[PDB]
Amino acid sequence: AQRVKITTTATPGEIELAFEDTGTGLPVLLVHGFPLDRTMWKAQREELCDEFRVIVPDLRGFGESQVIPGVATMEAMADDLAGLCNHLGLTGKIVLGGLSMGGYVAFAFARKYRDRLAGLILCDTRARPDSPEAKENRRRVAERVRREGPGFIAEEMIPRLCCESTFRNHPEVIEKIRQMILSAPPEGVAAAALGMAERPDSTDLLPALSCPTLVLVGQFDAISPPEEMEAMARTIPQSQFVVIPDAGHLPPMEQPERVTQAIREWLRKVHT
């Protein structure tokens, strides 16, 4: 992995991002969920790099990246991604993928950096903003995580993140996810929670998209259910919708081979 100071149009103008960059060819940048880190996408990075260039950053405030206290808007996160691609000399088009919060970042990127997208991969996410109660709950999470750390978040989220089959067959995957949460920087988690609260409604962005889009969801996703994701996909032109069996909210970790395959086969067409 690498750690580089990049120039970003978001405050504070410069930020240090940690990231993986593996393979050659078409660039595919994959964005993790909340409150996880780049290792969420490790199986896909390690497998897809035989055919594509896979770039996987820790977002601001997560993993090994710089923590910028206050609010980390989805726009700011997207600006950082643009600045990373600029740093790397990927100044043309990329495929951008994101899971959950990372999908919110992808929407912010598509808003602002349309002409940099060859394609979008939207996993286990939604285009609607937070409801008023959801916003308030973000503020409560932010306030508490700054003081107590993310243990309470792991306790609340783990049962909602993965399906029953994962708990049974892959307890090691559960534990990897738990350690990602437990290790997340408290002020980075707070800043992202506040950023999620403030994110705009992307509903009307979707019909205006101009690149092919893959929409992927776990069969048993409790957080962004498949029914709602299918409806979201029907608003996106040039979309493909895939349900990953025997996965909850984290298909890349729960069913890594099936996710890698779905992405690989879709990328081949974007690419050809």
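When you see a residue number, it is the position in the sequence shown, counting from 1.
- Comparing 62-70 with 199-207, the higher mean C-alpha B-factor in the PDB entry belongs to 62-70.
- Averaged over Cα atoms, the B-factor as recorded in the entry is higher for 19-27 than for the other of 19-27 and 259-267.
- The PDB entry assigns its highest CA temperature factor, among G83, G97, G188, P159, to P159.
- For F34, the recorded CA temperature factor ranks within the lowest third of the chain's modelled residues.
- When all modelled residues of the chain are sorted by CA temperature factor, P212 is found within the highest third.
- Residue-level temperature factors show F220 in the lowest third of its chain, judged at the C-alpha atom.
- Among the modelled residues of the chain, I181 sits in the lowest third by CA temperature factor in this PDB entry.
- Remark: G102 belongs to the lowest third of its chain, ranked by C-alpha B-factor as recorded.
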